[PDB]
Amino acid sequence: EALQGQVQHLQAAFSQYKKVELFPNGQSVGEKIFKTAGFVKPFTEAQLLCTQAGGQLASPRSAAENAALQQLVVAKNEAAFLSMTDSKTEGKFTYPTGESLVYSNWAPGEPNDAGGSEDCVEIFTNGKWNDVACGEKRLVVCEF
Amino acid sequence: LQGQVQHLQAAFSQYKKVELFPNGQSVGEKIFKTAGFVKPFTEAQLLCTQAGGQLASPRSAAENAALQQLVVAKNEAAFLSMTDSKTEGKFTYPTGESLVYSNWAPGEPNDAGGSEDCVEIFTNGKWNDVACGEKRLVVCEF
Amino acid sequence: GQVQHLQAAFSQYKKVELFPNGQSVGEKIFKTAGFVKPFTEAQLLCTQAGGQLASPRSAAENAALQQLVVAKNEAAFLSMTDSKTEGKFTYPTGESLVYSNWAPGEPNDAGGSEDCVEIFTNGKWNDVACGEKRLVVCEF
Ligand SMILES: [Ca+2]
Ligand SMILES: [Ca+2]
Ligand SMILES: [Ca+2]
Ligand SMILES: [Ca+2]
Ligand SMILES: [Ca+2]
Ligand SMILES: [Ca+2]
Ligand SMILES: [Ca+2]
Ligand SMILES: [Ca+2]
Ligand SMILES: [Ca+2]
């Protein structure tokens with residue numbers, strides 16, 4: 001009716017503002033959306049910001065998601081924190097849900113738990129991962 | 001059709017969250033968004049109105065708390081929309097009606113120097129009537 | 001009919017989104033990244049974002065775009081160039097300009113190497129070297 005047109009009109013407008021919102025700090029891959037705050041924070045504060053925002057820290061589950069996330073890191077020239085950690089079971093990195101990694105892109109020699117105190121994960125401009133100290137300041141990127 | 005709507009509602013809810021991060025705060029049906037920079041009142045007011053809204057006008061503790069978090073994140077006290085320019089001592093909204101809520105700091109408002117008709121909010125959420133010429137964080141409400 | 005409720009919410013977030021780095025004029029939307037880049041990288045960022053470099057086709061559009069430049073105090077790149085046919089500036093589609101706001105003496109192709117266009121805080125245009133870093137503004 002006069003309602004099958006007020007929809008496609010609202011979809012077209014939303015389709016438009018969708019792109020506007022993602023530029024320049026956003027990346028959409030599938031039904032997931034990455035957005036960076038633009039600044040760096042320790043893991044716990046970064047995690048708190050993402051969760052209070054209604055999402056969680058970047059959790060790349062595929063090469064495609066990792067690639068999209070990587071482009072935000074490249075644009076900022078700042079390695080970013082991921083949501084995954086091996087705090088509970090050392091050596092075993094898991095998502096917020098507790099399940100083990102279904103995907104990984106570790107840099108050569110990582111993860112190494114250097115100094116026996118690396119339970120967090122960072123992603124570089126080259127897309128590779130490194131387990132790092134949670135106290136370090138890294139780019140804050142959330143997923144929605 | 002009705003089914004293609006929830007899909008649009010779902011998609012919207014998501015981009016709603018994406019938009020508000022990190023410079024946005026939603027409380028009820030109101031939305032606060034900071035520009036991230038500081039400006040004198042008149043320019044701050046002009047930016048908010050031309051953007052289709054107005055300067056932050058917290059009308060409750062809940063709204064004041066949400067607004068406060070934007071100030072805390074920026075570590076920059078922000079301007080509110082309310083002023084007592086017309087009737088000194090009587091602060092009002094853009095509509096002209098008197099305050100329905102306030103969170104003045106101890107000893108405020110004081111109209112210090114007989115020239116404080118604007119209001120700022122601190123990182124602790126407290127208010128202070130301040131000179132309108134001062135540069136404060138720009139936060140609009142939509 | 002729970003649409004008008006969704007339209008009222010979208011009208012709201014539309015405003016929130018555009019503040020402060022956005023400008024809507026007609027059905028077009030300008031948004032700046034806030035930083036400066038050479039033309040080729042600026043063009044790549046806009047296109048990968050789903051749009052293109054700012055392409056003001058009227059005085060109204062040029063005025064809205066100008067306010068983003070003024071707010072940043074940074075001249076911005078437009079999408080138009082005369083790389084194919086020197087002296088003939090065209091949009092990405094290849095069609096010739098339907099509007100222009102050149103500064104006095106402009107398109108001069110200074111040094112015989114100016115094929116890109118920039119817009120100043122006063123809204124005037126200048127053909128400039130594509131290698132220069134200018135504010136990145138896209139249109140959607
Ligand atoms: Ca450990
Ligand atoms: Ca570890
Ligand atoms: Ca390591
Ligand atoms: Ca007064
Ligand atoms: Ca006063
Ligand atoms: Ca005072
Ligand atoms: Ca040429
Ligand atoms: Ca030329
Ligand atoms: Ca020139």
# chains A, B, ... in the order shown; residues from 1 in each chain; ligands from 1

$ closest_atom_pairs --of "chain B" --to "ligand 4" --cutoff "7 Å" --atoms "only C-alpha atoms and all ligand atoms" --output "CSV"
residue,atom,partner,partner_atom_place_in_ligand_line,distance
B:84,CA,ligand 4,1 (Ca),6.0
B:85,CA,ligand 4,1 (Ca),4.9
B:88,CA,ligand 4,1 (Ca),4.5
B:114,CA,ligand 4,1 (Ca),6.6
B:115,CA,ligand 4,1 (Ca),5.6
B:116,CA,ligand 4,1 (Ca),6.1
B:117,CA,ligand 4,1 (Ca),5.0

$ write_last_selection --atoms "N, CA, C and O atoms" --output "JSON list (two decimals), in the first residue's frame"
[["chain", "number", "residue", "atom", "x", "y", "z"],
["B", 84, "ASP", "N", 20.73, 32.91, 33.13],
["B", 84, "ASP", "CA", 19.92, 33.88, 33.85],
["B", 84, "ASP", "C", 20.15, 35.29, 33.29],
["B", 84, "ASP", "O", 20.15, 36.27, 34.03],
["B", 85, "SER", "N", 20.32, 35.36, 31.98],
["B", 85, "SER", "CA", 20.62, 36.62, 31.31],
["B", 85, "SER", "C", 19.47, 37.62, 31.38],
["B", 85, "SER", "O", 19.68, 38.81, 31.62],
["B", 88, "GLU", "N", 18.37, 38.21, 36.16],
["B", 88, "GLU", "CA", 19.50, 37.78, 36.97],
["B", 88, "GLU", "C", 19.03, 36.98, 38.18],
["B", 88, "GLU", "O", 18.09, 37.36, 38.87],
["B", 114, "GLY", "N", 29.56, 39.70, 39.45],
["B", 114, "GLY", "CA", 28.32, 40.22, 38.90],
["B", 114, "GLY", "C", 28.23, 40.01, 37.40],
["B", 114, "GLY", "O", 27.56, 40.77, 36.70],
["B", 115, "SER", "N", 28.90, 38.98, 36.91],
["B", 115, "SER", "CA", 28.93, 38.70, 35.48],
["B", 115, "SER", "C", 29.00, 37.21, 35.17],
["B", 115, "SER", "O", 29.81, 36.78, 34.34],
["B", 116, "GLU", "N", 28.16, 36.42, 35.83],
["B", 116, "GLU", "CA", 28.06, 35.00, 35.53],
["B", 116, "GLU", "C", 26.61, 34.61, 35.25],
["B", 116, "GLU", "O", 25.80, 34.47, 36.17],
["B", 117, "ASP", "N", 26.28, 34.46, 33.97],
["B", 117, "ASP", "CA", 24.92, 34.15, 33.56],
["B", 117, "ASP", "C", 24.80, 32.81, 32.85],
["B", 117, "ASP", "O", 23.70, 32.39, 32.47]]

$ interface_residues --of "chain C" --to "chain B" --cutoff "7 Å" --atoms "only C-alpha atoms" --output "ChimeraX atom specification"
/C:12,15-17,19-20

$ interface_residues --of "chain A" --to "chain B" --cutoff "12 Å" --atoms "only C-alpha atoms" --output "PDB file with N, CA and C atoms, in the first residue's frame"
ATOM      1  N   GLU A   1       0.831  -1.199   0.000  1.00  0.00           N
ATOM      2  CA  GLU A   1       0.000   0.000   0.000  1.00  0.00           C
ATOM      3  C   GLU A   1       0.865   1.249   0.000  1.00  0.00           C
ATOM      4  N   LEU A   3       2.437   1.949   2.255  1.00  0.00           N
ATOM      5  CA  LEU A   3       3.375   1.547   3.294  1.00  0.00           C
ATOM      6  C   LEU A   3       4.492   0.699   2.695  1.00  0.00           C
ATOM      7  N   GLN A   4       4.237   0.142   1.514  1.00  0.00           N
ATOM      8  CA  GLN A   4       5.280  -0.517   0.741  1.00  0.00           C
ATOM      9  C   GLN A   4       5.934   0.514  -0.167  1.00  0.00           C
ATOM     10  N   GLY A   5       6.576   1.491   0.461  1.00  0.00           N
ATOM     11  CA  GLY A   5       7.193   2.602  -0.235  1.00  0.00           C
ATOM     12  C   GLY A   5       7.727   3.561   0.807  1.00  0.00           C
ATOM     13  N   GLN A   6       7.041   3.608   1.943  1.00  0.00           N
ATOM     14  CA  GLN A   6       7.523   4.355   3.094  1.00  0.00           C
ATOM     15  C   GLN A   6       8.558   3.514   3.825  1.00  0.00           C
ATOM     16  N   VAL A   7       8.679   2.258   3.404  1.00  0.00           N
ATOM     17  CA  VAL A   7       9.678   1.351   3.950  1.00  0.00           C
ATOM     18  C   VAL A   7      10.956   1.425   3.128  1.00  0.00           C
ATOM     19  N   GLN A   8      10.839   1.127   1.839  1.00  0.00           N
ATOM     20  CA  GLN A   8      11.981   1.196   0.937  1.00  0.00           C
ATOM     21  C   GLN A   8      12.543   2.612   0.879  1.00  0.00           C
ATOM     22  N   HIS A   9      11.749   3.576   1.331  1.00  0.00           N
ATOM     23  CA  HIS A   9      12.203   4.956   1.425  1.00  0.00           C
ATOM     24  C   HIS A   9      13.011   5.136   2.701  1.00  0.00           C
ATOM     25  N   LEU A  10      12.663   4.359   3.719  1.00  0.00           N
ATOM     26  CA  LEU A  10      13.341   4.427   5.004  1.00  0.00           C
ATOM     27  C   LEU A  10      14.580   3.541   4.985  1.00  0.00           C
ATOM     28  N   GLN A  11      14.549   2.517   4.138  1.00  0.00           N
ATOM     29  CA  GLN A  11      15.689   1.629   3.960  1.00  0.00           C
ATOM     30  C   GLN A  11      16.785   2.333   3.171  1.00  0.00           C
ATOM     31  N   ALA A  12      16.377   3.109   2.171  1.00  0.00           N
ATOM     32  CA  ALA A  12      17.319   3.840   1.333  1.00  0.00           C
ATOM     33  C   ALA A  12      18.013   4.947   2.119  1.00  0.00           C
ATOM     34  N   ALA A  13      17.261   5.611   2.991  1.00  0.00           N
ATOM     35  CA  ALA A  13      17.818   6.661   3.835  1.00  0.00           C
ATOM     36  C   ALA A  13      18.770   6.060   4.862  1.00  0.00           C
ATOM     37  N   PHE A  14      18.362   4.940   5.448  1.00  0.00           N
ATOM     38  CA  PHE A  14      19.190   4.236   6.420  1.00  0.00           C
ATOM     39  C   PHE A  14      20.441   3.669   5.760  1.00  0.00           C
ATOM     40  N   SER A  15      20.275   3.122   4.561  1.00  0.00           N
ATOM     41  CA  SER A  15      21.404   2.627   3.787  1.00  0.00           C
ATOM     42  C   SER A  15      22.426   3.738   3.602  1.00  0.00           C
ATOM     43  N   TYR A  17      22.761   6.702   5.602  1.00  0.00           N
ATOM     44  CA  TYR A  17      23.342   7.084   6.884  1.00  0.00           C
ATOM     45  C   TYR A  17      24.219   5.984   7.467  1.00  0.00           C
ATOM     46  N   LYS A  18      23.993   4.758   7.012  1.00  0.00           N
ATOM     47  CA  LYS A  18      24.830   3.634   7.397  1.00  0.00           C
ATOM     48  C   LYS A  18      26.278   3.930   7.029  1.00  0.00           C
ATOM     49  N   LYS A  19      26.488   4.295   5.769  1.00  0.00           N
ATOM     50  CA  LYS A  19      27.816   4.612   5.260  1.00  0.00           C
ATOM     51  C   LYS A  19      28.396   5.843   5.945  1.00  0.00           C
ATOM     52  N   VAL A  20      27.562   6.859   6.134  1.00  0.00           N
ATOM     53  CA  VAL A  20      27.998   8.098   6.766  1.00  0.00           C
ATOM     54  C   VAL A  20      28.569   7.834   8.156  1.00  0.00           C
ATOM     55  N   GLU A  21      27.899   6.968   8.908  1.00  0.00           N
ATOM     56  CA  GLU A  21      28.308   6.653  10.274  1.00  0.00           C
ATOM     57  C   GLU A  21      29.637   5.900  10.348  1.00  0.00           C
ATOM     58  N   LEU A  22      29.872   5.006   9.393  1.00  0.00           N
ATOM     59  CA  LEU A  22      31.064   4.164   9.413  1.00  0.00           C
ATOM     60  C   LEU A  22      32.330   4.899   8.975  1.00  0.00           C
ATOM     61  N   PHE A  23      32.158   6.041   8.321  1.00  0.00           N
ATOM     62  CA  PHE A  23      33.290   6.848   7.884  1.00  0.00           C
ATOM     63  C   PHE A  23      33.584   7.936   8.910  1.00  0.00           C
ATOM     64  N   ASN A  25      35.703   6.059  11.060  1.00  0.00           N
ATOM     65  CA  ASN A  25      36.153   5.213  12.164  1.00  0.00           C
ATOM     66  C   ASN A  25      35.425   3.875  12.280  1.00  0.00           C
ATOM     67  N   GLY A  26      34.699   3.493  11.235  1.00  0.00           N
ATOM     68  CA  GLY A  26      33.914   2.272  11.273  1.00  0.00           C
ATOM     69  C   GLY A  26      34.215   1.284  10.162  1.00  0.00           C
ATOM     70  N   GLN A  27      33.970   0.008  10.441  1.00  0.00           N
ATOM     71  CA  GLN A  27      34.158  -1.053   9.460  1.00  0.00           C
ATOM     72  C   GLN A  27      33.093  -2.126   9.636  1.00  0.00           C
ATOM     73  N   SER A  28      32.332  -2.381   8.577  1.00  0.00           N
ATOM     74  CA  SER A  28      31.306  -3.414   8.621  1.00  0.00           C
ATOM     75  C   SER A  28      31.754  -4.647   7.848  1.00  0.00           C
ATOM     76  N   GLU A  31      27.483  -9.086   9.373  1.00  0.00           N
ATOM     77  CA  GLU A  31      26.522  -8.396  10.223  1.00  0.00           C
ATOM     78  C   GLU A  31      27.206  -7.789  11.444  1.00  0.00           C
ATOM     79  N   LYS A  32      28.534  -7.803  11.440  1.00  0.00           N
ATOM     80  CA  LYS A  32      29.303  -7.227  12.536  1.00  0.00           C
ATOM     81  C   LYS A  32      29.837  -5.846  12.170  1.00  0.00           C
ATOM     82  N   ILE A  33      29.941  -4.976  13.169  1.00  0.00           N
ATOM     83  CA  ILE A  33      30.452  -3.629  12.960  1.00  0.00           C
ATOM     84  C   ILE A  33      31.569  -3.293  13.940  1.00  0.00           C
ATOM     85  N   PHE A  34      32.729  -2.926  13.408  1.00  0.00           N
ATOM     86  CA  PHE A  34      33.832  -2.455  14.233  1.00  0.00           C
ATOM     87  C   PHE A  34      33.849  -0.933  14.250  1.00  0.00           C
ATOM     88  N   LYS A  35      34.031  -0.353  15.431  1.00  0.00           N
ATOM     89  CA  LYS A  35      34.211   1.088  15.545  1.00  0.00           C
ATOM     90  C   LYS A  35      35.260   1.426  16.596  1.00  0.00           C
ATOM     91  N   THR A  36      36.230   2.242  16.204  1.00  0.00           N
ATOM     92  CA  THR A  36      37.296   2.652  17.105  1.00  0.00           C
ATOM     93  C   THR A  36      36.967   3.990  17.757  1.00  0.00           C
ATOM     94  N   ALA A  37      37.391   4.154  19.005  1.00  0.00           N
ATOM     95  CA  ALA A  37      37.180   5.403  19.721  1.00  0.00           C
ATOM     96  C   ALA A  37      38.216   6.437  19.297  1.00  0.00           C
ATOM     97  N   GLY A  38      39.336   5.957  18.766  1.00  0.00           N
ATOM     98  CA  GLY A  38      40.385   6.832  18.276  1.00  0.00           C
ATOM     99  C   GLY A  38      41.517   7.025  19.267  1.00  0.00           C
ATOM    100  N   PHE A  39      41.317   6.549  20.492  1.00  0.00           N
ATOM    101  CA  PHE A  39      42.314   6.706  21.544  1.00  0.00           C
ATOM    102  C   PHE A  39      42.692   5.372  22.176  1.00  0.00           C
ATOM    103  N   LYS A  41      43.758   2.875  25.509  1.00  0.00           N
ATOM    104  CA  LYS A  41      43.450   2.653  26.914  1.00  0.00           C
ATOM    105  C   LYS A  41      43.954   1.285  27.351  1.00  0.00           C
ATOM    106  N   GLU A  45      39.876  -0.730  31.117  1.00  0.00           N
ATOM    107  CA  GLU A  45      39.107   0.469  30.804  1.00  0.00           C
ATOM    108  C   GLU A  45      38.546   0.383  29.391  1.00  0.00           C
ATOM    109  N   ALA A  46      39.325  -0.198  28.486  1.00  0.00           N
ATOM    110  CA  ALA A  46      38.875  -0.408  27.116  1.00  0.00           C
ATOM    111  C   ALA A  46      37.671  -1.344  27.097  1.00  0.00           C
ATOM    112  N   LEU A  48      35.616  -1.901  29.576  1.00  0.00           N
ATOM    113  CA  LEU A  48      34.504  -1.249  30.255  1.00  0.00           C
ATOM    114  C   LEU A  48      33.780  -0.279  29.330  1.00  0.00           C
ATOM    115  N   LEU A  49      34.541   0.407  28.485  1.00  0.00           N
ATOM    116  CA  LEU A  49      33.968   1.354  27.536  1.00  0.00           C
ATOM    117  C   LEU A  49      33.126   0.651  26.474  1.00  0.00           C
ATOM    118  N   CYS A  50      33.627  -0.474  25.970  1.00  0.00           N
ATOM    119  CA  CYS A  50      32.920  -1.238  24.947  1.00  0.00           C
ATOM    120  C   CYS A  50      31.621  -1.834  25.475  1.00  0.00           C
ATOM    121  N   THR A  51      31.681  -2.415  26.670  1.00  0.00           N
ATOM    122  CA  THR A  51      30.522  -3.076  27.260  1.00  0.00           C
ATOM    123  C   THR A  51      29.429  -2.088  27.659  1.00  0.00           C
ATOM    124  N   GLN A  52      29.833  -0.944  28.200  1.00  0.00           N
ATOM    125  CA  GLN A  52      28.879   0.091  28.576  1.00  0.00           C
ATOM    126  C   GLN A  52      28.289   0.755  27.338  1.00  0.00           C
ATOM    127  N   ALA A  53      28.960   0.586  26.203  1.00  0.00           N
ATOM    128  CA  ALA A  53      28.479   1.142  24.942  1.00  0.00           C
ATOM    129  C   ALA A  53      27.469   0.208  24.284  1.00  0.00           C
ATOM    130  N   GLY A  54      27.333  -0.993  24.838  1.00  0.00           N
ATOM    131  CA  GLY A  54      26.368  -1.959  24.350  1.00  0.00           C
ATOM    132  C   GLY A  54      26.985  -3.070  23.523  1.00  0.00           C
ATOM    133  N   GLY A  55      28.312  -3.115  23.485  1.00  0.00           N
ATOM    134  CA  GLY A  55      29.014  -4.123  22.714  1.00  0.00           C
ATOM    135  C   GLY A  55      30.125  -4.803  23.489  1.00  0.00           C
ATOM    136  N   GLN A  56      31.218  -5.102  22.797  1.00  0.00           N
ATOM    137  CA  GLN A  56      32.376  -5.734  23.416  1.00  0.00           C
ATOM    138  C   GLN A  56      33.621  -5.437  22.590  1.00  0.00           C
ATOM    139  N   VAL A 140      41.430   1.445  21.291  1.00  0.00           N
ATOM    140  CA  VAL A 140      40.149   0.899  21.717  1.00  0.00           C
ATOM    141  C   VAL A 140      39.214   0.703  20.529  1.00  0.00           C
ATOM    142  N   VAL A 141      38.945  -0.554  20.192  1.00  0.00           N
ATOM    143  CA  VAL A 141      38.029  -0.871  19.103  1.00  0.00           C
ATOM    144  C   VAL A 141      36.941  -1.830  19.567  1.00  0.00           C
ATOM    145  N   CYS A 142      35.689  -1.405  19.438  1.00  0.00           N
ATOM    146  CA  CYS A 142      34.559  -2.219  19.858  1.00  0.00           C
ATOM    147  C   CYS A 142      33.860  -2.839  18.655  1.00  0.00           C
ATOM    148  N   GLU A 143      33.101  -3.903  18.900  1.00  0.00           N
ATOM    149  CA  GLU A 143      32.289  -4.513  17.857  1.00  0.00           C
ATOM    150  C   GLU A 143      30.824  -4.507  18.270  1.00  0.00           C
ATOM    151  N   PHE A 144      29.945  -4.272  17.303  1.00  0.00           N
ATOM    152  CA  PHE A 144      28.513  -4.226  17.566  1.00  0.00           C
ATOM    153  C   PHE A 144      27.768  -5.126  16.591  1.00  0.00           C
TER     154      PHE A 144
END

$ residues_around --residues "residue 42 (chain B)" --least-positions-apart "2" --cutoff "12 Å" --atoms "only C-alpha atoms" --output "list in words"
residues 38, 39, 40, 44, 45, 46, 47, 48, 49, 54, 55, 79, 80, 81, 83, 118, 131, 132, 133, 134, 135, 136 and 138 of chain B

$ atom_distance --atom1 "CA of residue 108 (chain C)" --atom2 "atom 1 (Ca, counted along the ligand's line) of ligand 9"
4.8 Å

$ select_by_dssp --residues "chain B" --states "alpha helix (DSSP H)" --output "PyMOL selection string"
chain B and resi 2-20+41-50+61-74

$ residues_near_ligand --ligand "ligand 2" --cutoff "9 Å" --atoms "only C-alpha atoms and all ligand atoms" --output "list in words"
residues 85, 86, 87, 89, 90, 91, 92, 93, 111, 112, 113, 114, 116, 117, 118, 119, 120, 131, 132 and 133 of chain A

$ select_by_dssp --residues "region 38-93 of chain A" --states "strand (DSSP E)" --output "ChimeraX atom specification"
/A:38-41,56-57,80-85

$ write_last_selection --atoms "C-alpha atoms" --output "mmCIF file, in the first residue's frame"
data_model
loop_
_atom_site.group_PDB
_atom_site.id
_atom_site.type_symbol
_atom_site.label_atom_id
_atom_site.label_comp_id
_atom_site.auth_asym_id
_atom_site.auth_seq_id
_atom_site.Cartn_x
_atom_site.Cartn_y
_atom_site.Cartn_z
ATOM 1 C CA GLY A 38 40.385 6.832 18.276
ATOM 2 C CA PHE A 39 42.314 6.706 21.544
ATOM 3 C CA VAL A 40 44.303 4.144 23.521
ATOM 4 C CA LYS A 41 43.450 2.653 26.914
ATOM 5 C CA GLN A 56 32.376 -5.734 23.416
ATOM 6 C CA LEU A 57 36.042 -5.477 22.446
ATOM 7 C CA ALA A 80 44.392 -2.468 19.184
ATOM 8 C CA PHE A 81 43.148 -4.729 21.974
ATOM 9 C CA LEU A 82 41.019 -7.779 21.253
ATOM 10 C CA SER A 83 38.407 -9.164 23.642
ATOM 11 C CA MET A 84 40.114 -12.543 24.063
ATOM 12 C CA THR A 85 42.329 -13.495 27.013
#

$ interface_residues --of "chain C" --to "chain A" --cutoff "9 Å" --atoms "only C-alpha atoms" --output "list in words"
residues 1, 3, 6, 7, 10, 14, 17, 18, 22, 27, 29, 30, 31, 32, 33, 34, 45, 46, 49, 50, 51, 138, 139 and 140 of chain C

$ residues_near_ligand --ligand "ligand 8" --cutoff "7 Å" --atoms "only C-alpha atoms and all ligand atoms" --output "MDAnalysis selection string"
chainID C and resid 82:83 86:87 109 112:115 127

$ write_last_selection --atoms "N, CA and C atoms" --output "compact mmCIF listing (two decimals), in the first residue's frame"
# COMPACT_ATOMS: atom_id res chain seq x y z
N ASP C 82 40.86 17.51 -14.13
CA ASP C 82 41.04 17.67 -15.57
C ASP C 82 42.22 16.84 -16.06
N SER C 83 42.37 15.66 -15.47
CA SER C 83 43.49 14.77 -15.78
C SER C 83 43.43 14.22 -17.21
N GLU C 86 43.15 18.13 -20.21
CA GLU C 86 43.63 19.32 -19.52
C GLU C 86 42.73 20.52 -19.80
N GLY C 87 42.38 21.26 -18.76
CA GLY C 87 41.54 22.43 -18.91
C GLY C 87 40.07 22.10 -18.78
N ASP C 109 46.27 26.06 -13.86
CA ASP C 109 47.14 24.91 -14.09
C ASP C 109 48.59 25.30 -13.86
N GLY C 112 51.95 23.89 -14.98
CA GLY C 112 51.47 22.89 -15.91
C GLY C 112 51.24 21.55 -15.24
N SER C 113 50.93 21.58 -13.95
CA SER C 113 50.74 20.36 -13.19
C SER C 113 49.71 20.52 -12.07
N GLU C 114 48.57 21.12 -12.40
CA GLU C 114 47.46 21.21 -11.46
C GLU C 114 46.19 20.65 -12.07
N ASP C 115 45.84 19.42 -11.70
CA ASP C 115 44.67 18.75 -12.26
C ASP C 115 43.59 18.45 -11.22
N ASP C 127 42.43 25.08 -8.66
CA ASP C 127 43.04 23.87 -9.20
C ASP C 127 44.44 23.73 -8.60

$ residues_around --residues "residue 99 (chain C)" --least-positions-apart "5" --cutoff "9 Å" --atoms "only C-alpha atoms" --output "number ranges by chain"
C: 56-59

$ atom_distance --atom1 "CA of residue 90 (chain B)" --atom2 "CA of residue 76 (chain B)"
25.5 Å

$ atom_distance --atom1 "CA of residue 66 (chain B)" --atom2 "CA of residue 125 (chain B)"
9.4 Å

$ residues_around --residues "region 100-112 of chain B" --least-positions-apart "3" --cutoff "10 Å" --atoms "only C-alpha atoms" --output "list in words"
residues 57, 58, 59, 60, 61, 64, 84, 88, 89, 91, 92, 93, 97, 115, 116, 117, 118, 119, 120, 121, 122, 124, 125, 126, 127, 128, 129, 130 and 131 of chain B

$ closest_residue --among "C:52, C:11, C:100, C:66" --to "residue 117 (chain C)" --atoms "only C-alpha atoms"
C:100

$ residues_around --residues "residue 61 (chain A)" --least-positions-apart "4" --cutoff "12 Å" --atoms "only C-alpha atoms" --output "JSON list (two decimals) with N, CA and C atoms, in the first residue's frame"
[["chain", "number", "residue", "atom", "x", "y", "z"],
["A", 29, "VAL", "N", 31.65, -5.80, 8.49],
["A", 29, "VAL", "CA", 31.99, -7.07, 7.85],
["A", 29, "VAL", "C", 30.93, -8.10, 8.21],
["A", 30, "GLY", "N", 30.12, -8.48, 7.23],
["A", 30, "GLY", "CA", 28.98, -9.33, 7.48],
["A", 30, "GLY", "C", 27.92, -8.55, 8.24],
["A", 32, "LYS", "N", 28.53, -7.80, 11.44],
["A", 32, "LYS", "CA", 29.30, -7.23, 12.54],
["A", 32, "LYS", "C", 29.84, -5.85, 12.17],
["A", 65, "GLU", "N", 36.99, -10.76, 8.98],
["A", 65, "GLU", "CA", 36.77, -9.87, 10.10],
["A", 65, "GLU", "C", 38.08, -9.28, 10.59],
["A", 66, "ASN", "N", 39.13, -10.09, 10.58],
["A", 66, "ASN", "CA", 40.45, -9.65, 11.00],
["A", 66, "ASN", "C", 41.00, -8.60, 10.05],
["A", 67, "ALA", "N", 40.69, -8.74, 8.76],
["A", 67, "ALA", "CA", 41.14, -7.81, 7.75],
["A", 67, "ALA", "C", 40.46, -6.45, 7.89],
["A", 68, "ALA", "N", 39.16, -6.47, 8.14],
["A", 68, "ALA", "CA", 38.40, -5.24, 8.34],
["A", 68, "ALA", "C", 38.88, -4.51, 9.59],
["A", 69, "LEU", "N", 39.08, -5.26, 10.67],
["A", 69, "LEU", "CA", 39.59, -4.70, 11.91],
["A", 69, "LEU", "C", 40.99, -4.12, 11.71],
["A", 82, "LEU", "N", 42.12, -6.89, 21.58],
["A", 82, "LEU", "CA", 41.02, -7.78, 21.25],
["A", 82, "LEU", "C", 40.32, -8.15, 22.55],
["A", 83, "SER", "N", 39.17, -8.81, 22.45],
["A", 83, "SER", "CA", 38.41, -9.16, 23.64],
["A", 83, "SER", "C", 38.95, -10.42, 24.33],
["A", 84, "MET", "N", 39.68, -11.23, 23.58],
["A", 84, "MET", "CA", 40.11, -12.54, 24.06],
["A", 84, "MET", "C", 41.29, -12.49, 25.04],
["A", 94, "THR", "N", 40.36, -17.38, 25.19],
["A", 94, "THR", "CA", 38.93, -17.58, 25.00],
["A", 94, "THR", "C", 38.20, -16.26, 24.77],
["A", 95, "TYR", "N", 37.00, -16.35, 24.20],
["A", 95, "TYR", "CA", 36.15, -15.18, 24.04],
["A", 95, "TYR", "C", 35.43, -14.90, 25.35],
["A", 99, "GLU", "N", 34.40, -19.84, 25.28],
["A", 99, "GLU", "CA", 34.78, -20.82, 24.27],
["A", 99, "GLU", "C", 36.14, -20.48, 23.68],
["A", 100, "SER", "N", 36.85, -21.51, 23.21],
["A", 100, "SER", "CA", 38.19, -21.33, 22.67],
["A", 100, "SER", "C", 38.17, -20.70, 21.28],
["A", 101, "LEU", "N", 39.31, -20.15, 20.87],
["A", 101, "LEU", "CA", 39.43, -19.48, 19.58],
["A", 101, "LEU", "C", 39.02, -20.38, 18.42],
["A", 102, "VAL", "N", 38.21, -19.84, 17.52],
["A", 102, "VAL", "CA", 37.84, -20.53, 16.30],
["A", 102, "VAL", "C", 38.69, -19.99, 15.15],
["A", 103, "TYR", "N", 39.48, -18.97, 15.47],
["A", 103, "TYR", "CA", 40.37, -18.34, 14.50],
["A", 103, "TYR", "C", 41.49, -17.58, 15.21],
["A", 104, "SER", "N", 42.66, -17.55, 14.60],
["A", 104, "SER", "CA", 43.80, -16.84, 15.17],
["A", 104, "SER", "C", 44.77, -16.42, 14.07],
["A", 105, "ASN", "N", 45.56, -15.38, 14.35],
["A", 105, "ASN", "CA", 46.55, -14.89, 13.40],
["A", 105, "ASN", "C", 47.80, -14.44, 14.13],
["A", 143, "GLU", "N", 33.10, -3.90, 18.90],
["A", 143, "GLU", "CA", 32.29, -4.51, 17.86],
["A", 143, "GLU", "C", 30.82, -4.51, 18.27]]

$ decode --residues "region 69-73 of chain B" --atoms "N, CA and C atoms" --output "short mmCIF file (atom, residue, chain, number, x, y, z; two decimals), in the first residue's frame"
data_model
loop_
_atom_site.label_atom_id
_atom_site.label_comp_id
_atom_site.auth_asym_id
_atom_site.auth_seq_id
_atom_site.Cartn_x
_atom_site.Cartn_y
_atom_site.Cartn_z
N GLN B 69 29.09 11.79 32.29
CA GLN B 69 30.04 10.80 31.79
C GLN B 69 30.77 11.27 30.54
N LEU B 70 30.12 12.11 29.75
CA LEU B 70 30.76 12.69 28.57
C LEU B 70 31.81 13.70 29.01
N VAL B 71 31.50 14.44 30.06
CA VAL B 71 32.43 15.42 30.62
C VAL B 71 33.63 14.72 31.23
N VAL B 72 33.38 13.62 31.93
CA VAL B 72 34.43 12.84 32.56
C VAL B 72 35.38 12.24 31.53
N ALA B 73 34.82 11.73 30.44
CA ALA B 73 35.61 11.11 29.39
C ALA B 73 36.54 12.12 28.72
#
